[PDB]
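What follows is a short report on a single structure.
FYI, it's all coordinate maths here, none of it is from the lab. A quick note on method: Cβ atoms are made from the backbone with ideal geometry, for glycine too, and the neighbour counts reach across all protein chains shown.
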Amino acid sequence: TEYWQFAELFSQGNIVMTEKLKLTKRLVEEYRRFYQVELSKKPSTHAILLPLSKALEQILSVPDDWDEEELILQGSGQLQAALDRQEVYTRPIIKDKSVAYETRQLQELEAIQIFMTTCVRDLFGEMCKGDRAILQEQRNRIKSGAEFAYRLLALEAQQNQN
RNA sequence: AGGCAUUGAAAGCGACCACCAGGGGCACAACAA
């Protein structure tokens with residue numbers, strides 16, 4: 001929380017930074033609807049960021065000619081393919097067998113889709129101006145900021161659930 | 001030894017898998033005259 005209050009402090013007069021800090025929390029607060037590694041098991045950064053690392057690696061690797069509205073479908077496909085390679089306990093929407101499979105699938109596909117839509121629309125399209133150089137220089141600062149955002153959301157959940 | 005007759009239908013793949021982890025700075029120099 002200390003290092004978040006510093007980011008929230010340096011951003012106070014600048015909209016483009018305040019927007020990026022709000023977006024970086026929202027971006028993970030969206031993927032935390034469908035993927036949750038438990039911090040108690042002492043996980044890697046690779047784990048905490050699995051959907052963000054596969055959203056960015058797909059946006060950056062695909063040819064620069066292709067549209068945002070196709071990038072979202074191929075990236076949500078890869079996220080769906082990647083989630084099916086993890087162990088089941090990390091997937092909040094599938095893991096509750098209390099609800100029917102065809103609706104667990106519908107909630108997973110829309111939770112992945114809305115996240116992939118935020119990464120391609122708001123991260124790449126809006127904030128990074130649709131430029132792969134500007135996203136490639138930010139890649140690692142986004143990943144660090146998202147790791148702190150994931151820990152802040154997890155701390156906030158484990159407190160406010162009382 | 002003769003005439004004859006050197007083939008013929010069909011099939012031309014089928015299933016699944018298209019990755020996995022972990023790293024994402026490390027050291028120092030911020031003025032000199």
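Considering Cα pairs under 8 angstrom that are at least six residues apart, work out the relative contact order of segment A:32-162 and quote it in whole percent.
The value is 33 percent.
Could you give the C-alpha radius of gyration of chain A expressed as a fraction of 2.2 N^0.38 Å, taking N as the number of residues it contains?
1.05
Give a quick list of trypsin sites (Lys or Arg not before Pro) in segment A:94-131 that DSSP marks as loop, anything other than H, G, I, E or B, with at most 15 other Cβ atoms within 10 Å.
Listed in order of number, the matching sites are A:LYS97, A:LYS129.
Let me spell out the model: positive unit charges on the Cβ of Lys and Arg, negative unit charges on the Cβ of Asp and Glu, origin at the Cα centre of chain A. What dipole size does that give, in debye rounded to 20?
Dipole magnitude for chain A comes out near 680 debye.
Give the calculated FRET efficiency between A:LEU73 and A:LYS97 to the nearest 0.05, with a Förster radius of 30 Å applied to their Cβ-Cβ distance.
According to the calculation, E is roughly 0.60.
Around A:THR45, what is the net charge, scoring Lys/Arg as +1 and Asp/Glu as -1 over all other residues with Cβ under 12 Å from its Cβ?
+2
Can you count the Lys pairs in chain A with C-alpha separation below 19 Å, eight or more apart or on different chains?
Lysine pair count for chain A: 10.
Would you mind ranking A:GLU108, A:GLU87, A:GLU8 by Cβ crowding within 10 Å, fewest neighbours first? List each step's numbers first, then the result.
Details: A:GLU108 20, A:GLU87 7, A:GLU8 13.
Ordered by Cβ neighbours within 10 Å, fewest first: A:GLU87, A:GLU8, A:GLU108.
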